[PDB]
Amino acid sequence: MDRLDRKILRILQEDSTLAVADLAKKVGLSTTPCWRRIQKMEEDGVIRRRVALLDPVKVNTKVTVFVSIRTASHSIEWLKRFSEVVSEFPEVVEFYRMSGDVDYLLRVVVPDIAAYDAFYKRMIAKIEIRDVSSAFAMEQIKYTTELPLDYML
């Protein structure tokens, strides 16, 4: 909405644990107006939720695999059911319908190659797909849930 909302969101995306009175002080605001701004943004759905982010090394999901899918020609309903069943897998953490050479791109997290192999077998039992090409990440250099706020309007 305005520049003060942006200052609030910039901190909230980094850390939602601050007492609302300490966030207020960090953004140059009294407590009530700060709280009221946050409430409006929650109601409007700008802030969609607040979550704990876990360490993938510590919950044993340290490998990222990017799975590239090509589909055959299919009805709007088949695509709706294909994307519902891929979405149910807890290991599929991101799922995109792409343009370009590939139809869908998934990001999958698992502890190791063998865990990936067994995930893939469960996936492929439930769907049918012309071509799957999996690519394993060697390192996660950056992963953030912070959006760029320079474009807000």
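Quick note: we count residues from 1 along the sequence shown, nothing fancier.
- The PDB entry reports B-factors from which the mean C-alpha value can be compared for 40 to 48 and 100 to 108; the larger average falls on 100 to 108.
- Here the stretch with the larger average CA B-factor, out of 117 to 125 and 25 to 33, is 117 to 125.
- Ranked within its chain, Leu54 lands in the middle third, by CA B factor from the PDB record.
- Placement of the Cα temperature factor of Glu91 within the chain: lowest third of the modelled residues, per the deposited record.
- Ranked by Cα temperature factor within the chain, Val85 sits in the highest third according to the deposited record.
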